[PDB]
Amino acid sequence: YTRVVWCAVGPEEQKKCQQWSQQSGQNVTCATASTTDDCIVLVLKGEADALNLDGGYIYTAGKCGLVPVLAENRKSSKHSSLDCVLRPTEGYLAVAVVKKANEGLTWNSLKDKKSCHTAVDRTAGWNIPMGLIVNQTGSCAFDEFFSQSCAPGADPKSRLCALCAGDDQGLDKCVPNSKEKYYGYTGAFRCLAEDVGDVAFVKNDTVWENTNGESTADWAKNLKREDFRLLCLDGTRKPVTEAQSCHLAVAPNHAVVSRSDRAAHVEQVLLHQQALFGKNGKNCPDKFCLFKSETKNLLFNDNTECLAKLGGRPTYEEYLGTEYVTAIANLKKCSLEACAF
Ligand SMILES: *[C@@H]1O[C@H](CO)[C@@H](O[C@@H]2O[C@H](CO)[C@@H](O[C@H]3O[C@H](CO)[C@@H](O)[C@H](O)[C@@H]3O)[C@H](O)[C@H]2NC(C)=O)[C@H](O)[C@H]1NC(C)=O
Ligand SMILES: *[C@@H]1O[C@H](CO)[C@@H](O[C@@H]2O[C@H](CO)[C@@H](O[C@H]3O[C@H](CO)[C@@H](O)[C@H](O)[C@@H]3O)[C@H](O)[C@H]2NC(C)=O)[C@H](O)[C@H]1NC(C)=O
Ligand SMILES: OC[C@H]1O[C@@H](O[C@@H]2[C@H](O)[C@@H](O)[C@H](O[C@H]3[C@H](O)[C@@H](O)[C@@H](O)O[C@@H]3CO)O[C@@H]2CO)[C@H](O)[C@@H](O)[C@@H]1O
Ligand SMILES: *[C@@H]1O[C@H](CO)[C@@H](O[C@@H]2O[C@H](CO)[C@@H](O)[C@H](O)[C@H]2NC(C)=O)[C@H](O)[C@H]1NC(C)=O
Ligand SMILES: [Fe+3]
Ligand SMILES: [Zn+2]
Ligand SMILES: [Zn+2]
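Numbering-wise, the sequence shown is residues 342 to 676, 681 to 686 according to mature numbering (1 follows the signal peptide of the UniProt record, and there is no 0).
Here it is in structure tokens:
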């Protein structure tokens, strides 16, 4: 049993995975697909074992029978005595971010503006904001709400992809993987930073991690936190320090999923793999770190301190929470219970 097949989304994740594979002595090997959905299909077919997923994708995976295994745990300030692996996860803050200089833009004036989304089907980038917008407008036409968008995974010729940029060669426009310039947390924040969009749907951490010298990347080098504002549901604008009083939702952390017949073994191997290449890993600062990919968030989020045990051996619904599961199901009616594949 002792060989885990990890699924990588896109060529950049594939490269990192290959490095991990070499360093793990082939205890981990690599399968690769173009999209997260395609990776879930590989796992369902038994052609890969596992991958780490945003909550929106956990919903897709879970409807198809895949189970949560371990969750991303970032650094916190509660349960400080417990080991990271045993410390309870605290979830992240889904936010809507704008430029301070874009004065008078509020939650209530988002119609017909330009939006930047992590990807279709993702928690902070899509399910939360679009679910909120569908409810408030009483309309399923979320594809006509914003004048233009970058929402990787949408129809490339549609307005929802109009702001996406693709790769260096301008290939792979609006593809839901790291090849797309504006993909994921960092890509969506870049879309806002460069004024391609008026609003970015990301998480609190993303803003902090890419401002005030935290990034060094060419587009982020010079970005200041005070130049950004958060949009609150009450129509107010707040500095990015008040994320706890001005968010769209609290999201369940990204988590590893696998088939239930492989979950126990995937868990065993990963706990060992992070002991070697995780935050305080025996071979991280010397050979390879599993949670570092130059602010690109490949395979895992770069802010992951460890993968933590779940406890309560939760179903995918228990992991996501009944509050969030029903929120997706209400949004999915616009696009009742079955596997998508
Ligand atoms: C978009 O609107 C949806 C419909 O109003 C809404 O779904 C509703 O969510 C609430 C709260 O999560 C559910 O009410 C629940 O209230 C308590 C929670 O403790 C439970 O005891 C009840 O059993 C009940 O589940 C509604 O049932 C649910 N409505 C429907 C028809 O599914 C979404 O939350 C809204 N989406 C967003 C993103 O806000
Ligand atoms: C919004 O996201 C921010 C980025 O994740 C986050 O700020 C981070 O908060 C932690 C503590 O919660 C800080 O603490 C770290 O640094 C100290 C020493 O400097 C260490 O002792 C800790 O172990 C820990 O590593 C981070 O420095 C800080 N990150 C940055 C770059 O500012 C906010 O807390 C988030 N806001 C909300 C409301 O959740
Ligand atoms: O919903 C019933 C179900 O809840 C489970 O707790 C949840 C889940 O496992 C956690 O990952 C999640 O963490 C947070 C999430 O962002 C959001 O739900 C928020 O409201 O709360 C957390 C952050 O404050 O919490 C979920 C419950 O809120 C239980 O583990 C499970 O036993 C129960 O059946
Ligand atoms: C690859 O996996 C094997 C099997 O788990 C590892 O070998 C084990 O090492 C552990 C931890 O030090 C010991 O408890 C076991 O006795 C070993 N088992 C066997 C059968 O070899 C190995 O350490 C892993 N290698 C890497 C680099 O990940
Ligand atoms: Fe997410
Ligand atoms: Zn809240
Ligand atoms: Zn349970």
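Backbone N, C-alpha and C fix where the C-beta goes; we use that ideal spot for every residue, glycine too.
| Item | Value |
| --- | --- |
| Which residues bound the alpha helix (DSSP H) around residue 613? | 604-618 |
| At a threshold of 7 Å, does residue 595 count as lining ligand 6 (C-beta to nearest heavy atom)? | no |
| Rounding to the nearest angstrom, what Cα-Cα distance links residue 434 and residue 528 in this structure? | 17 Å |
| For residue 663, is the classification buried or exposed, using 16 other Cβ atoms within 10 angstroms of its Cβ as the cut-off for buried? | exposed |
| Need the endpoints of the alpha helix (DSSP H) that residue 383 sits in, please. | 377-386 |
| So, do the region 576-594 and the region 463-474 have three or more beta carbon pairs nearer to each other than 8 Å? | yes |
| Mind checking whether the beta-carbon of residue 681 lies closer than 7 Å to any heavy atom of ligand 1? | no |
| When burial is assigned at 16 or more other CB atoms within 10 Å of the CB, is residue 490 buried or exposed? | buried |
| Is the CB-CB distance between residue 671 and residue 387 below 8 Å? | no |
| Quick check on the DSSP output: the beta strand (DSSP E) that includes residue 665 runs from which residue to which? | Premise fails: residue 665 lies in the alpha helix (DSSP H), 663-672, not in any beta strand (DSSP E). |
| Classify residue 685 as buried or exposed, calling it buried when 16 or more other Cβ atoms lie within 10 Å of its own Cβ. | exposed |
| Taking DSSP's pairing of strands, which residues face residue 645 in a bridge? | 415 |
| Terminal residues of the continuous alpha helix (DSSP H) containing residue 531? | 525-534 |
| With the cut-off set at 8 Å, would you say residue 369 and residue 408 are in Cβ contact? | no |
| Can you give me the start and stop residues for the beta strand (DSSP E) that residue 455 sits inside? | 455-458 |
| Is the beta carbon of residue 677 within less than 7 Å of some heavy atom of ligand 4? | Between 676 and 681, the chain has no modelled residues, and residue 677 is one of the positions in that gap. |
| Using 8 Å as the threshold, is the region 428-443 in touch with the region 490-507, meaning 3 or more CB pairs across them? | no |
| For residue 428, collect the residues of the same chain with a Cβ closer than 8 Å to its Cβ; drop the 5 residues on either side in sequence, then sort them by chain order. | 414, 417, 420, 649 |
| Spatial neighbours of residue 622 within its chain, please: CB distance less than 8 Å, with the 5 preceding and 5 following residues excluded, ordered by chain position. | 615, 616, 630, 631 |
| According to DSSP, is residue 571 part of a helix, a strand, or is it coil? | strand |
| For residue 480, which three-state DSSP category applies? | coil |
| Any residues whose CB sits closer than 6 Å to a heavy atom of ligand 6? List them in chain order? | 588, 591 |
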